[PDB]
Amino acid sequence: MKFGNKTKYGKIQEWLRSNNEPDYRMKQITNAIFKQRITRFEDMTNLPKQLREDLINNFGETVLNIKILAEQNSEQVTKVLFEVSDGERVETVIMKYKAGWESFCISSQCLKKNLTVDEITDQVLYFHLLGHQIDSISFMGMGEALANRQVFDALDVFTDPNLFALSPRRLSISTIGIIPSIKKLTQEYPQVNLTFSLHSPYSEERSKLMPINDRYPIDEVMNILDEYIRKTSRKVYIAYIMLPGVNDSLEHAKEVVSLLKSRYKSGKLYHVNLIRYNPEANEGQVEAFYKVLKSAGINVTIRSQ
């Protein structure tokens, strides 16, 4: 039980320890939040009463530091807009897969301000308290979720056996190509599903599309994803959102082929996801594009949702 000196679960633990409260008192708190699913300190009746109120004064009434505001709508996709800190709004998404599967697409950012690990983990803790079971978590909401070092603390919270107790395999992070963050994630949370946002194999059309490519080129992000593949022998997903007419050519597809086939193990531990588009038509070329990577032995899946 060591919850990290920047999450709210750590402050409570070593505030009770500074009040000379025994070590089992934090476990009573965590089991109430995650196993009994109790939101407020007062309904944690296993605690003493003035301990419940000492916890209320220093940490507020509830365990949540986000608030719901709008719950816009549901049926297969339930988005929510919470309020945090400086009246900030942040948006979270629930892809209710029709087989049931609740995947939580949380956000790490808001001029681009970053949320604390509390504001990130509560996007999940909120729905856990209502009755939802957290099957998977994905950092694919606001911005690119590796410009925020708090995400690494959020991973520790989600995988903590005394908190959410989620497996790292249930967690997914999509990156823009920030190399130093990839290496930190490579050997600290390797079982986390890593997705690389490519969107054009051309080193120049790409920084015209996503300016971060200018300091972190395709070549050297594909090199750090390679040492990932070598050291953890896991699959990296190549996301490719296809803009009509722009990047859905045939030799865009085949330049994606040689880009992978030149990599470690000829790009075969990669997995390309071809993202479809809604309001040039594209429902026909995606298929040719699909076959061009498929004919070349590239593991490829079409995602139309």
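One-based numbering along the chain as shown.
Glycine too: its Cβ is placed from the backbone N, Cα and C atoms.
According to Swiss-Prot, the active site, proton acceptor annotation covers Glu91. Here Swiss-Prot flags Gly143, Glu144, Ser174, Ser197, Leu198, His199, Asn278 as S-adenosyl-L-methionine binding site, drawing on sequence analysis.
Features as recorded by Swiss-Prot, highlighted on the structure.
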| residue | record | Cβ contacts under 8 Å, 6 or more apart |
| --- | --- | --- |
| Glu91 | active site, proton acceptor | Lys79, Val80, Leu81, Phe82, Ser107, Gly141, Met142 |
| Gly143 | S-adenosyl-L-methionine binding site | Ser107, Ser108, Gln109, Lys112 |
| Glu144 | S-adenosyl-L-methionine binding site | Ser174, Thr175, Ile176, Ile178, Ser197, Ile212 |
| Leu198 | S-adenosyl-L-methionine binding site | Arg206, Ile218, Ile238, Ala239, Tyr240, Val256 |
| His199 | S-adenosyl-L-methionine binding site | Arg206, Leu209, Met210, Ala239, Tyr240, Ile241, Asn247 |
| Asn278 | S-adenosyl-L-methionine binding site | none |
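Here the deposited model leaves out 15 residues, and the two residues on either side, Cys110 and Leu111, have Cα atoms 9 Å apart.
Distance between the Cα atoms of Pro279 and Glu280, which bracket 9 unmodelled residues, is 10 Å. Summarising the environment of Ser174 (S-adenosyl-L-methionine binding site), the number of other Cβ atoms within 10 Å of its Cβ, over all protein chains shown, is 19. With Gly143, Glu144, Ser174, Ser197, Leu198, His199, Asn278 listed as the residues that bind S-adenosyl-L-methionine, the site has a largest C-alpha separation of 22 Å.
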